[PDB]
file work_7.pdb (PDB, C-alpha atoms)
MODEL        1
ATOM      1  CA  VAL A 102     -65.170  47.109 -10.621  1.00  0.00           C
ATOM      2  CA  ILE A 103     -63.867  43.633 -11.379  1.00  0.00           C
ATOM      3  CA  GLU A 104     -66.854  41.423 -12.086  1.00  0.00           C
ATOM      4  CA  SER A 105     -65.936  37.741 -12.141  1.00  0.00           C
ATOM      5  CA  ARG A 106     -67.967  34.801 -13.421  1.00  0.00           C
ATOM      6  CA  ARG A 107     -69.056  31.749 -11.411  1.00  0.00           C
ATOM      7  CA  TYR A 108     -70.567  28.978 -13.526  1.00  0.00           C
ATOM      8  CA  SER A 109     -72.603  26.035 -12.220  1.00  0.00           C
ATOM      9  CA  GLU A 110     -72.314  22.260 -12.357  1.00  0.00           C
ATOM     10  CA  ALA A 111     -74.115  20.236 -14.987  1.00  0.00           C
ATOM     11  CA  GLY A 112     -74.719  16.811 -16.461  1.00  0.00           C
ATOM     12  CA  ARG A 113     -77.383  14.117 -16.524  1.00  0.00           C
ATOM     13  CA  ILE A 114     -76.075  10.572 -16.924  1.00  0.00           C
ATOM     14  CA  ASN A 115     -77.794   7.247 -17.566  1.00  0.00           C
ATOM     15  CA  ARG A 116     -76.556   3.681 -17.143  1.00  0.00           C
ATOM     16  CA  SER A 117     -77.165   0.764 -19.489  1.00  0.00           C
ATOM     17  CA  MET A 118     -75.964  -2.720 -20.371  1.00  0.00           C
ATOM     18  CA  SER A 119     -76.278  -2.449 -24.150  1.00  0.00           C
ATOM     19  CA  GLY A 120     -75.141   1.172 -24.112  1.00  0.00           C
ATOM     20  CA  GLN A 121     -77.616   2.610 -26.634  1.00  0.00           C
ATOM     21  CA  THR A 122     -80.152   4.455 -24.505  1.00  0.00           C
ATOM     22  CA  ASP A 123     -80.180   7.973 -26.042  1.00  0.00           C
ATOM     23  CA  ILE A 124     -77.296   9.794 -24.355  1.00  0.00           C
ATOM     24  CA  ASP A 125     -78.601  13.090 -23.084  1.00  0.00           C
ATOM     25  CA  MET A 126     -77.084  16.554 -22.945  1.00  0.00           C
ATOM     26  CA  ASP A 127     -76.662  19.642 -20.763  1.00  0.00           C
ATOM     27  CA  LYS A 128     -74.851  22.965 -20.387  1.00  0.00           C
ATOM     28  CA  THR A 129     -73.829  25.458 -17.688  1.00  0.00           C
ATOM     29  CA  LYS A 130     -75.481  28.661 -16.475  1.00  0.00           C
ATOM     30  CA  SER A 131     -73.637  31.716 -15.127  1.00  0.00           C
ATOM     31  CA  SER A 132     -73.783  34.596 -12.653  1.00  0.00           C
ATOM     32  CA  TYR A 133     -71.417  37.345 -11.562  1.00  0.00           C
ATOM     33  CA  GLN A 134     -69.937  38.662  -8.311  1.00  0.00           C
ATOM     34  CA  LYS A 135     -68.196  42.020  -8.094  1.00  0.00           C
ATOM     35  CA  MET A 136     -65.452  43.747  -6.080  1.00  0.00           C
ATOM     36  CA  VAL A 137     -63.969  47.260  -6.050  1.00  0.00           C
ATOM     37  CA  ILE A 138     -60.511  48.823  -6.448  1.00  0.00           C
ATOM     38  CA  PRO A 139     -59.767  51.980  -4.420  1.00  0.00           C
ATOM     39  CA  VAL A 140     -56.547  54.045  -4.294  1.00  0.00           C
ATOM     40  CA  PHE A 141     -54.401  54.755  -1.218  1.00  0.00           C
ATOM     41  CA  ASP A 142     -51.745  57.468  -0.997  1.00  0.00           C
ATOM     42  CA  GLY A 143     -49.439  59.273   1.410  1.00  0.00           C
ATOM     43  CA  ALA A 144     -46.690  61.873   1.428  1.00  0.00           C
ATOM     44  CA  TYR A 145     -43.943  63.424   3.553  1.00  0.00           C
ATOM     45  CA  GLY A 146     -41.683  66.449   3.417  1.00  0.00           C
ATOM     46  CA  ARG A 147     -39.269  68.898   5.064  1.00  0.00           C
ATOM     47  CA  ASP A 148     -38.312  72.538   4.533  1.00  0.00           C
ATOM     48  CA  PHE A 149     -35.296  74.074   2.778  1.00  0.00           C
ATOM     49  CA  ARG A 150     -33.133  75.492   5.565  1.00  0.00           C
ATOM     50  CA  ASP A 151     -33.450  72.321   7.653  1.00  0.00           C
TER      51      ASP A 151
ATOM     52  CA  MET B   1     -89.002 -19.086 -47.214  1.00  0.00           C
ATOM     53  CA  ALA B   2     -88.331 -15.896 -49.162  1.00  0.00           C
ATOM     54  CA  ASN B   3     -89.582 -13.750 -46.255  1.00  0.00           C
ATOM     55  CA  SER B   4     -87.052 -14.560 -43.548  1.00  0.00           C
ATOM     56  CA  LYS B   5     -88.290 -13.332 -40.176  1.00  0.00           C
ATOM     57  CA  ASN B   6     -85.222 -13.664 -37.947  1.00  0.00           C
ATOM     58  CA  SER B   7     -84.891 -10.041 -36.767  1.00  0.00           C
ATOM     59  CA  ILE B   8     -87.675  -8.167 -35.020  1.00  0.00           C
ATOM     60  CA  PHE B   9     -86.584  -4.665 -36.132  1.00  0.00           C
ATOM     61  CA  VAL B  10     -86.651  -4.442 -39.924  1.00  0.00           C
ATOM     62  CA  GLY B  11     -87.497  -0.805 -40.500  1.00  0.00           C
ATOM     63  CA  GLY B  12     -85.172   0.747 -43.044  1.00  0.00           C
ATOM     64  CA  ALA B  13     -81.494   0.914 -43.877  1.00  0.00           C
ATOM     65  CA  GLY B  14     -80.824   4.271 -42.254  1.00  0.00           C
ATOM     66  CA  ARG B  15     -83.133   4.317 -39.252  1.00  0.00           C
ATOM     67  CA  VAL B  16     -81.675   3.235 -35.922  1.00  0.00           C
ATOM     68  CA  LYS B  17     -83.828   1.974 -33.078  1.00  0.00           C
ATOM     69  CA  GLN B  18     -84.586   3.480 -29.683  1.00  0.00           C
ATOM     70  CA  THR B  19     -83.816   1.111 -26.822  1.00  0.00           C
ATOM     71  CA  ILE B  20     -85.416   1.013 -23.364  1.00  0.00           C
ATOM     72  CA  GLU B  21     -83.575  -1.281 -20.967  1.00  0.00           C
ATOM     73  CA  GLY B  22     -85.080  -2.677 -17.793  1.00  0.00           C
ATOM     74  CA  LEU B  23     -85.613  -5.712 -15.615  1.00  0.00           C
ATOM     75  CA  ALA B  24     -87.796  -8.722 -16.352  1.00  0.00           C
ATOM     76  CA  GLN B  25     -90.740 -10.163 -14.453  1.00  0.00           C
ATOM     77  CA  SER B  26     -91.824 -13.087 -16.639  1.00  0.00           C
ATOM     78  CA  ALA B  27     -90.629 -15.044 -19.685  1.00  0.00           C
ATOM     79  CA  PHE B  28     -92.247 -13.429 -22.718  1.00  0.00           C
ATOM     80  CA  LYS B  29     -91.452 -13.988 -26.384  1.00  0.00           C
ATOM     81  CA  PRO B  30     -89.904 -11.297 -28.620  1.00  0.00           C
ATOM     82  CA  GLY B  31     -92.427  -9.215 -30.501  1.00  0.00           C
ATOM     83  CA  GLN B  32     -95.041  -8.749 -27.775  1.00  0.00           C
ATOM     84  CA  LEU B  33     -96.426  -5.573 -26.241  1.00  0.00           C
ATOM     85  CA  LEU B  34     -94.832  -4.517 -22.956  1.00  0.00           C
ATOM     86  CA  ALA B  35     -95.525  -1.997 -20.195  1.00  0.00           C
ATOM     87  CA  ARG B  36     -93.108  -0.664 -17.595  1.00  0.00           C
ATOM     88  CA  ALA B  37     -94.067  -0.992 -13.937  1.00  0.00           C
ATOM     89  CA  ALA B  38     -92.910   0.098 -10.484  1.00  0.00           C
ATOM     90  CA  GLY B  39     -89.274  -0.278  -9.610  1.00  0.00           C
ATOM     91  CA  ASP B  40     -87.443  -0.711 -12.905  1.00  0.00           C
ATOM     92  CA  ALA B  41     -89.056  -3.896 -14.197  1.00  0.00           C
ATOM     93  CA  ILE B  42     -90.790  -4.689 -17.493  1.00  0.00           C
ATOM     94  CA  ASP B  43     -93.347  -7.396 -18.238  1.00  0.00           C
ATOM     95  CA  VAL B  44     -96.378  -8.006 -20.441  1.00  0.00           C
ATOM     96  CA  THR B  45     -98.947  -5.213 -20.528  1.00  0.00           C
ATOM     97  CA  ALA B  46    -102.193  -6.848 -19.266  1.00  0.00           C
ATOM     98  CA  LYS B  47    -104.162  -3.641 -19.734  1.00  0.00           C
ATOM     99  CA  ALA B  48    -107.507  -3.408 -21.490  1.00  0.00           C
ATOM    100  CA  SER B  49    -107.837  -3.177 -25.255  1.00  0.00           C
ATOM    101  CA  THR B  50    -109.955  -0.006 -25.045  1.00  0.00           C
ATOM    102  CA  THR B  51    -107.391   2.107 -23.162  1.00  0.00           C
ATOM    103  CA  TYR B  52    -105.462   4.895 -24.875  1.00  0.00           C
ATOM    104  CA  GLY B  53    -102.202   6.616 -24.032  1.00  0.00           C
ATOM    105  CA  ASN B  54    -100.051   3.486 -24.035  1.00  0.00           C
ATOM    106  CA  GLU B  55     -96.512   3.698 -25.358  1.00  0.00           C
ATOM    107  CA  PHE B  56     -95.453   1.569 -28.316  1.00  0.00           C
ATOM    108  CA  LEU B  57     -93.020  -0.688 -26.451  1.00  0.00           C
ATOM    109  CA  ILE B  58     -92.256  -4.091 -27.966  1.00  0.00           C
ATOM    110  CA  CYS B  59     -89.720  -6.704 -26.917  1.00  0.00           C
ATOM    111  CA  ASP B  60     -86.624  -6.764 -29.106  1.00  0.00           C
ATOM    112  CA  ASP B  61     -84.942 -10.076 -29.784  1.00  0.00           C
ATOM    113  CA  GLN B  62     -82.043 -10.708 -27.442  1.00  0.00           C
ATOM    114  CA  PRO B  63     -78.443 -10.594 -28.737  1.00  0.00           C
ATOM    115  CA  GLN B  64     -76.937 -13.496 -30.654  1.00  0.00           C
ATOM    116  CA  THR B  65     -74.201 -13.865 -28.030  1.00  0.00           C
ATOM    117  CA  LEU B  66     -76.723 -14.453 -25.229  1.00  0.00           C
ATOM    118  CA  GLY B  67     -78.902 -17.150 -26.784  1.00  0.00           C
ATOM    119  CA  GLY B  68     -81.443 -14.885 -28.440  1.00  0.00           C
ATOM    120  CA  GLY B  69     -83.653 -15.310 -31.463  1.00  0.00           C
ATOM    121  CA  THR B  70     -87.108 -14.490 -32.752  1.00  0.00           C
ATOM    122  CA  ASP B  71     -88.621 -17.501 -30.964  1.00  0.00           C
ATOM    123  CA  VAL B  72     -86.359 -17.971 -27.922  1.00  0.00           C
ATOM    124  CA  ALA B  73     -88.101 -16.630 -24.834  1.00  0.00           C
ATOM    125  CA  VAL B  74     -86.253 -14.329 -22.451  1.00  0.00           C
ATOM    126  CA  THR B  75     -84.843 -15.446 -19.114  1.00  0.00           C
ATOM    127  CA  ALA B  76     -86.747 -14.100 -16.127  1.00  0.00           C
ATOM    128  CA  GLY B  77     -85.309 -11.642 -13.635  1.00  0.00           C
ATOM    129  CA  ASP B  78     -82.667 -10.240 -15.993  1.00  0.00           C
ATOM    130  CA  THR B  79     -82.033  -7.287 -18.298  1.00  0.00           C
ATOM    131  CA  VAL B  80     -84.484  -7.334 -21.203  1.00  0.00           C
ATOM    132  CA  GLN B  81     -83.484  -5.069 -24.082  1.00  0.00           C
ATOM    133  CA  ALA B  82     -86.659  -3.607 -25.592  1.00  0.00           C
ATOM    134  CA  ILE B  83     -87.629  -1.210 -28.393  1.00  0.00           C
ATOM    135  CA  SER B  84     -89.622   2.018 -28.354  1.00  0.00           C
ATOM    136  CA  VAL B  85     -91.047   2.415 -31.852  1.00  0.00           C
ATOM    137  CA  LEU B  86     -90.962   5.800 -33.534  1.00  0.00           C
ATOM    138  CA  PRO B  87     -93.752   6.589 -36.020  1.00  0.00           C
ATOM    139  CA  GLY B  88     -92.635   5.665 -39.512  1.00  0.00           C
ATOM    140  CA  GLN B  89     -90.751   2.402 -38.949  1.00  0.00           C
ATOM    141  CA  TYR B  90     -91.556  -1.200 -39.825  1.00  0.00           C
ATOM    142  CA  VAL B  91     -91.467  -3.803 -37.043  1.00  0.00           C
ATOM    143  CA  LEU B  92     -92.422  -7.469 -36.774  1.00  0.00           C
ATOM    144  CA  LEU B  93     -95.338  -7.722 -34.357  1.00  0.00           C
ATOM    145  CA  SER B  94     -97.036 -10.878 -33.038  1.00  0.00           C
ATOM    146  CA  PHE B  95    -100.737 -11.425 -33.693  1.00  0.00           C
ATOM    147  CA  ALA B  96    -103.358 -13.537 -31.950  1.00  0.00           C
ATOM    148  CA  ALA B  97    -105.310 -16.413 -33.507  1.00  0.00           C
ATOM    149  CA  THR B  98    -108.133 -16.570 -36.091  1.00  0.00           C
ATOM    150  CA  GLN B  99    -107.758 -13.363 -38.089  1.00  0.00           C
ATOM    151  CA  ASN B 100    -106.727 -12.866 -41.708  1.00  0.00           C
ATOM    152  CA  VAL B 101    -104.977  -9.794 -43.099  1.00  0.00           C
ATOM    153  CA  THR B 102    -106.440  -9.047 -46.527  1.00  0.00           C
ATOM    154  CA  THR B 103    -105.572  -5.430 -47.364  1.00  0.00           C
ATOM    155  CA  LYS B 104    -102.287  -3.630 -46.764  1.00  0.00           C
ATOM    156  CA  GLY B 105    -103.271  -0.768 -44.498  1.00  0.00           C
ATOM    157  CA  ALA B 106    -105.692  -1.984 -41.851  1.00  0.00           C
ATOM    158  CA  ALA B 107    -105.592  -0.729 -38.270  1.00  0.00           C
ATOM    159  CA  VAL B 108    -103.580  -2.697 -35.712  1.00  0.00           C
ATOM    160  CA  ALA B 109    -105.031  -2.591 -32.205  1.00  0.00           C
ATOM    161  CA  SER B 110    -103.682  -4.331 -29.092  1.00  0.00           C
ATOM    162  CA  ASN B 111    -105.163  -7.413 -27.470  1.00  0.00           C
ATOM    163  CA  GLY B 112    -105.156  -7.685 -23.695  1.00  0.00           C
ATOM    164  CA  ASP B 113    -102.757 -10.640 -23.573  1.00  0.00           C
ATOM    165  CA  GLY B 114     -99.750  -8.863 -25.079  1.00  0.00           C
ATOM    166  CA  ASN B 115    -100.479  -9.708 -28.720  1.00  0.00           C
ATOM    167  CA  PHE B 116    -102.033  -7.625 -31.487  1.00  0.00           C
ATOM    168  CA  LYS B 117    -105.271  -7.893 -33.440  1.00  0.00           C
ATOM    169  CA  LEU B 118    -107.265  -6.180 -36.178  1.00  0.00           C
ATOM    170  CA  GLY B 119    -109.741  -4.019 -34.289  1.00  0.00           C
ATOM    171  CA  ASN B 120    -112.159  -1.267 -35.188  1.00  0.00           C
ATOM    172  CA  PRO B 121    -110.323   2.086 -34.987  1.00  0.00           C
ATOM    173  CA  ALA B 122    -113.064   3.865 -33.044  1.00  0.00           C
ATOM    174  CA  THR B 123    -112.794   2.399 -29.527  1.00  0.00           C
ATOM    175  CA  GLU B 124    -109.144   1.295 -29.228  1.00  0.00           C
ATOM    176  CA  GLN B 125    -105.724   2.863 -29.664  1.00  0.00           C
ATOM    177  CA  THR B 126    -104.304   2.286 -33.138  1.00  0.00           C
ATOM    178  CA  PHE B 127    -100.626   1.379 -32.900  1.00  0.00           C
ATOM    179  CA  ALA B 128     -99.518   0.358 -36.377  1.00  0.00           C
ATOM    180  CA  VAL B 129    -100.636  -0.491 -39.913  1.00  0.00           C
ATOM    181  CA  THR B 130    -100.369  -3.850 -41.692  1.00  0.00           C
ATOM    182  CA  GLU B 131     -97.840  -4.365 -44.476  1.00  0.00           C
ATOM    183  CA  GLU B 132     -98.126  -8.058 -45.412  1.00  0.00           C
ATOM    184  CA  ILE B 133    -101.005 -10.140 -46.766  1.00  0.00           C
ATOM    185  CA  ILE B 134    -100.967 -13.421 -44.822  1.00  0.00           C
ATOM    186  CA  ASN B 135    -103.457 -15.464 -42.804  1.00  0.00           C
ATOM    187  CA  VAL B 136    -102.512 -16.625 -39.310  1.00  0.00           C
ATOM    188  CA  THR B 137    -104.060 -19.379 -37.207  1.00  0.00           C
ATOM    189  CA  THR B 138    -101.565 -20.060 -34.392  1.00  0.00           C
ATOM    190  CA  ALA B 139    -101.103 -17.336 -31.786  1.00  0.00           C
ATOM    191  CA  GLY B 140     -97.539 -16.059 -31.946  1.00  0.00           C
ATOM    192  CA  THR B 141     -96.838 -15.522 -35.636  1.00  0.00           C
ATOM    193  CA  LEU B 142     -94.727 -12.604 -36.843  1.00  0.00           C
ATOM    194  CA  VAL B 143     -96.480 -10.165 -39.200  1.00  0.00           C
ATOM    195  CA  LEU B 144     -94.775  -7.118 -40.705  1.00  0.00           C
ATOM    196  CA  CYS B 145     -96.374  -3.791 -39.762  1.00  0.00           C
ATOM    197  CA  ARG B 146     -95.523  -0.102 -40.184  1.00  0.00           C
ATOM    198  CA  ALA B 147     -95.755   1.864 -36.954  1.00  0.00           C
ATOM    199  CA  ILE B 148     -97.536   4.977 -38.247  1.00  0.00           C
TER     200      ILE B 148
ENDMDL
END
call {"tool": "encode", "arguments": {"input": "work_7.pdb", "output": "structure tokens"}}
result
Amino acid sequence: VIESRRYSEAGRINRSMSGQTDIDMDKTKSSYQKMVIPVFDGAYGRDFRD
Amino acid sequence: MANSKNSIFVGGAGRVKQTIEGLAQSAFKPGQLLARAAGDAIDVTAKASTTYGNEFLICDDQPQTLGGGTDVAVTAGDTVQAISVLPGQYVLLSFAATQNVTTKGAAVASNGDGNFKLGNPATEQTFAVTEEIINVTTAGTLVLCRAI
């Protein structure tokens, strides 16, 4: 099983003219989505006298 | 004058201020009590004196490079840079008329017109605490107060 991660989008912004308006923070969450790896095979063969 | 009063935020050498931008509605003077309204506009408070829950929001002086001082009124309909006061800072408020400050440490209430006054701390919200012994007679004088 090959579980892969898929994070989200983030970010709160704020506009200002003086620029000092307590810049404010964020982060990203996560969740996982999984697949599977099976095995395929095949063979062939003849006899000895042939 | 040994007590120069040409900056409305004098509250320590390591404490930075918290700024709340917004639009104007009138032409108020720096050092008065404000209140944000609908849209994104600020003006004078015009609430009652006996109402709690108000935020400590005073009008900072405008920048030097925009024609701003401690007595120059703001231009209407523009961006007014204000100050939200944290507890434990000194700021220059603006009192009303006919009240003398005798003791350092009295309670600073809020008048309904956007100025401050010495009120009884049992029926009004106490904003700050006096820090200068002067007597004022003209409405609009700057008195140092600590915001706790």
call {"tool": "residues_around", "arguments": {"input": "work_7.pdb", "residues": "residue 53 (chain B)", "least_positions_apart": "2", "cutoff": "8 Å", "atoms": "all atoms listed in the file", "output": "PyMOL selection string"}}
result
chain B and resi 51+55+125
call {"tool": "write_last_selection", "arguments": {"input": "work_7.pdb", "atoms": "C-alpha atoms", "output": "CSV table (one decimal), in the coordinates of the input"}}
result
chain,number,residue,atom,x,y,z
B,51,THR,CA,-107.4,2.1,-23.2
B,55,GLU,CA,-96.5,3.7,-25.4
B,125,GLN,CA,-105.7,2.9,-29.7
call {"tool": "resolve_selection", "arguments": {"input": "work_7.pdb", "expression": "the PyMOL selection byres ((chain B) within 8 of (chain A))", "output": "list in words"}}
result
residues 18, 19, 20, 21, 79 and 81 of chain B
call {"tool": "residues_around", "arguments": {"input": "work_7.pdb", "residues": "residue 54 (chain B)", "least_positions_apart": "4", "cutoff": "12 Å", "atoms": "only C-alpha atoms", "output": "list in words"}}
result
residues 33, 34, 35, 36, 45, 46, 47, 48, 49, 50, 58, 84, 85, 109, 110, 124, 125, 126 and 127 of chain B
call {"tool": "residues_near_point", "arguments": {"input": "work_7.pdb", "point": "(-88.3, 0.6, -44.0)", "cutoff": "7 Å", "atoms": "all atoms listed in the file", "output": "NGL selection string"}}
result
:B and (10-13 or 89-90)
call {"tool": "residues_around", "arguments": {"input": "work_7.pdb", "residues": "region 95-101 of chain B", "least_positions_apart": "6", "cutoff": "12 Å", "atoms": "only C-alpha atoms", "output": "ChimeraX atom specification"}}
result
/B:30-33,107-119,129-145
call {"tool": "write_last_selection", "arguments": {"input": "work_7.pdb", "atoms": "C-alpha atoms", "output": "PDB file, keeping the file's coordinate frame"}}
result
ATOM      1  CA  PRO B  30     -89.904 -11.297 -28.620  1.00  0.00           C
ATOM      2  CA  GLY B  31     -92.427  -9.215 -30.501  1.00  0.00           C
ATOM      3  CA  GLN B  32     -95.041  -8.749 -27.775  1.00  0.00           C
ATOM      4  CA  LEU B  33     -96.426  -5.573 -26.241  1.00  0.00           C
ATOM      5  CA  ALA B 107    -105.592  -0.729 -38.270  1.00  0.00           C
ATOM      6  CA  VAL B 108    -103.580  -2.697 -35.712  1.00  0.00           C
ATOM      7  CA  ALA B 109    -105.031  -2.591 -32.205  1.00  0.00           C
ATOM      8  CA  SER B 110    -103.682  -4.331 -29.092  1.00  0.00           C
ATOM      9  CA  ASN B 111    -105.163  -7.413 -27.470  1.00  0.00           C
ATOM     10  CA  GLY B 112    -105.156  -7.685 -23.695  1.00  0.00           C
ATOM     11  CA  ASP B 113    -102.757 -10.640 -23.573  1.00  0.00           C
ATOM     12  CA  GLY B 114     -99.750  -8.863 -25.079  1.00  0.00           C
ATOM     13  CA  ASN B 115    -100.479  -9.708 -28.720  1.00  0.00           C
ATOM     14  CA  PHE B 116    -102.033  -7.625 -31.487  1.00  0.00           C
ATOM     15  CA  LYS B 117    -105.271  -7.893 -33.440  1.00  0.00           C
ATOM     16  CA  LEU B 118    -107.265  -6.180 -36.178  1.00  0.00           C
ATOM     17  CA  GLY B 119    -109.741  -4.019 -34.289  1.00  0.00           C
ATOM     18  CA  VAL B 129    -100.636  -0.491 -39.913  1.00  0.00           C
ATOM     19  CA  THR B 130    -100.369  -3.850 -41.692  1.00  0.00           C
ATOM     20  CA  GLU B 131     -97.840  -4.365 -44.476  1.00  0.00           C
ATOM     21  CA  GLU B 132     -98.126  -8.058 -45.412  1.00  0.00           C
ATOM     22  CA  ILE B 133    -101.005 -10.140 -46.766  1.00  0.00           C
ATOM     23  CA  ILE B 134    -100.967 -13.421 -44.822  1.00  0.00           C
ATOM     24  CA  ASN B 135    -103.457 -15.464 -42.804  1.00  0.00           C
ATOM     25  CA  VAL B 136    -102.512 -16.625 -39.310  1.00  0.00           C
ATOM     26  CA  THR B 137    -104.060 -19.379 -37.207  1.00  0.00           C
ATOM     27  CA  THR B 138    -101.565 -20.060 -34.392  1.00  0.00           C
ATOM     28  CA  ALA B 139    -101.103 -17.336 -31.786  1.00  0.00           C
ATOM     29  CA  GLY B 140     -97.539 -16.059 -31.946  1.00  0.00           C
ATOM     30  CA  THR B 141     -96.838 -15.522 -35.636  1.00  0.00           C
ATOM     31  CA  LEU B 142     -94.727 -12.604 -36.843  1.00  0.00           C
ATOM     32  CA  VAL B 143     -96.480 -10.165 -39.200  1.00  0.00           C
ATOM     33  CA  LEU B 144     -94.775  -7.118 -40.705  1.00  0.00           C
ATOM     34  CA  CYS B 145     -96.374  -3.791 -39.762  1.00  0.00           C
TER      35      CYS B 145
END
call {"tool": "closest_residue", "arguments": {"input": "work_7.pdb", "among": "A:140, A:133, A:151, A:146", "to": "residue 108 (chain A)", "atoms": "only C-alpha atoms"}}
result
A:133
call {"tool": "atom_distance", "arguments": {"input": "work_7.pdb", "atom1": "CA of residue 17 (chain B)", "atom2": "CA of residue 29 (chain B)"}}
result
18.9 Å
call {"tool": "resolve_selection", "arguments": {"input": "work_7.pdb", "expression": "the PyMOL selection byres ((chain B and resi 70) around 9)", "output": "number ranges by chain"}}
result
B: 5-8, 29-31, 60-62, 68-69, 71-73, 142
call {"tool": "write_last_selection", "arguments": {"input": "work_7.pdb", "atoms": "C-alpha atoms", "output": "JSON list (two decimals), keeping the file's coordinate frame"}}
result
[["chain", "number", "residue", "atom", "x", "y", "z"],
["B", 5, "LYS", "CA", -88.29, -13.33, -40.18],
["B", 6, "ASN", "CA", -85.22, -13.66, -37.95],
["B", 7, "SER", "CA", -84.89, -10.04, -36.77],
["B", 8, "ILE", "CA", -87.68, -8.17, -35.02],
["B", 29, "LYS", "CA", -91.45, -13.99, -26.38],
["B", 30, "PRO", "CA", -89.90, -11.30, -28.62],
["B", 31, "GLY", "CA", -92.43, -9.22, -30.50],
["B", 60, "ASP", "CA", -86.62, -6.76, -29.11],
["B", 61, "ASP", "CA", -84.94, -10.08, -29.78],
["B", 62, "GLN", "CA", -82.04, -10.71, -27.44],
["B", 68, "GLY", "CA", -81.44, -14.88, -28.44],
["B", 69, "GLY", "CA", -83.65, -15.31, -31.46],
["B", 71, "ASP", "CA", -88.62, -17.50, -30.96],
["B", 72, "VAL", "CA", -86.36, -17.97, -27.92],
["B", 73, "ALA", "CA", -88.10, -16.63, -24.83],
["B", 142, "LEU", "CA", -94.73, -12.60, -36.84]]
call {"tool": "resolve_selection", "arguments": {"input": "work_7.pdb", "expression": "the PyMOL selection byres ((chain A and resi 138) around 12)", "output": "list in words"}}
result
residues 102, 103, 104, 135, 136, 137, 139, 140 and 141 of chain A
call {"tool": "write_last_selection", "arguments": {"input": "work_7.pdb", "atoms": "C-alpha atoms", "output": "CSV table (one decimal), keeping the file's coordinate frame"}}
result
chain,number,residue,atom,x,y,z
A,102,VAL,CA,-65.2,47.1,-10.6
A,103,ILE,CA,-63.9,43.6,-11.4
A,104,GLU,CA,-66.9,41.4,-12.1
A,135,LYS,CA,-68.2,42.0,-8.1
A,136,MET,CA,-65.5,43.7,-6.1
A,137,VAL,CA,-64.0,47.3,-6.0
A,139,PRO,CA,-59.8,52.0,-4.4
A,140,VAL,CA,-56.5,54.0,-4.3
A,141,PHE,CA,-54.4,54.8,-1.2
call {"tool": "atom_distance", "arguments": {"input": "work_7.pdb", "atom1": "CA of residue 57 (chain B)", "atom2": "CA of residue 44 (chain B)"}}
result
10.0 Å
call {"tool": "atom_distance", "arguments": {"input": "work_7.pdb", "atom1": "CA of residue 3 (chain B)", "atom2": "CA of residue 75 (chain B)"}}
result
27.6 Å
call {"tool": "residues_near_point", "arguments": {"input": "work_7.pdb", "point": "(-73.2, 24.5, -7.8)", "cutoff": "12 Å", "atoms": "all atoms listed in the file", "output": "ChimeraX atom specification"}}
result
/A:107-112,129-132
call {"tool": "write_last_selection", "arguments": {"input": "work_7.pdb", "atoms": "C-alpha atoms", "output": "PDB file, keeping the file's coordinate frame"}}
result
ATOM      1  CA  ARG A 107     -69.056  31.749 -11.411  1.00  0.00           C
ATOM      2  CA  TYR A 108     -70.567  28.978 -13.526  1.00  0.00           C
ATOM      3  CA  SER A 109     -72.603  26.035 -12.220  1.00  0.00           C
ATOM      4  CA  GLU A 110     -72.314  22.260 -12.357  1.00  0.00           C
ATOM      5  CA  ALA A 111     -74.115  20.236 -14.987  1.00  0.00           C
ATOM      6  CA  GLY A 112     -74.719  16.811 -16.461  1.00  0.00           C
ATOM      7  CA  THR A 129     -73.829  25.458 -17.688  1.00  0.00           C
ATOM      8  CA  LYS A 130     -75.481  28.661 -16.475  1.00  0.00           C
ATOM      9  CA  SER A 131     -73.637  31.716 -15.127  1.00  0.00           C
ATOM     10  CA  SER A 132     -73.783  34.596 -12.653  1.00  0.00           C
TER      11      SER A 132
END
call {"tool": "build_atoms", "arguments": {"input": "work_7.pdb", "residues": "region 109-115 of chain A", "atoms": "N, CA, C and O atoms", "output": "PDB file, in the coordinates of the input"}}
result
ATOM      1  N   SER A 109     -71.994  27.087 -13.019  1.00  0.00           N
ATOM      2  CA  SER A 109     -72.603  26.035 -12.220  1.00  0.00           C
ATOM      3  C   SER A 109     -72.045  24.675 -12.613  1.00  0.00           C
ATOM      4  O   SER A 109     -71.163  24.555 -13.465  1.00  0.00           O
ATOM      5  N   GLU A 110     -72.580  23.638 -11.978  1.00  0.00           N
ATOM      6  CA  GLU A 110     -72.314  22.260 -12.357  1.00  0.00           C
ATOM      7  C   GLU A 110     -73.463  21.742 -13.211  1.00  0.00           C
ATOM      8  O   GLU A 110     -74.563  22.298 -13.214  1.00  0.00           O
ATOM      9  N   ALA A 111     -73.200  20.665 -13.941  1.00  0.00           N
ATOM     10  CA  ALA A 111     -74.115  20.236 -14.987  1.00  0.00           C
ATOM     11  C   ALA A 111     -74.070  18.721 -15.108  1.00  0.00           C
ATOM     12  O   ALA A 111     -73.364  18.038 -14.359  1.00  0.00           O
ATOM     13  N   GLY A 112     -74.843  18.194 -16.055  1.00  0.00           N
ATOM     14  CA  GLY A 112     -74.719  16.811 -16.461  1.00  0.00           C
ATOM     15  C   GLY A 112     -75.780  15.869 -15.936  1.00  0.00           C
ATOM     16  O   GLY A 112     -75.946  15.719 -14.725  1.00  0.00           O
ATOM     17  N   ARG A 113     -76.504  15.228 -16.847  1.00  0.00           N
ATOM     18  CA  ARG A 113     -77.383  14.117 -16.524  1.00  0.00           C
ATOM     19  C   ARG A 113     -76.819  12.872 -17.184  1.00  0.00           C
ATOM     20  O   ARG A 113     -76.557  12.877 -18.389  1.00  0.00           O
ATOM     21  N   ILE A 114     -76.620  11.814 -16.405  1.00  0.00           N
ATOM     22  CA  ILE A 114     -76.075  10.572 -16.924  1.00  0.00           C
ATOM     23  C   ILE A 114     -77.135   9.482 -16.836  1.00  0.00           C
ATOM     24  O   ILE A 114     -78.160   9.628 -16.170  1.00  0.00           O
ATOM     25  N   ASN A 115     -76.876   8.376 -17.525  1.00  0.00           N
ATOM     26  CA  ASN A 115     -77.794   7.247 -17.566  1.00  0.00           C
ATOM     27  C   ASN A 115     -76.996   5.981 -17.824  1.00  0.00           C
ATOM     28  O   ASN A 115     -76.149   5.955 -18.718  1.00  0.00           O
TER      29      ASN A 115
END
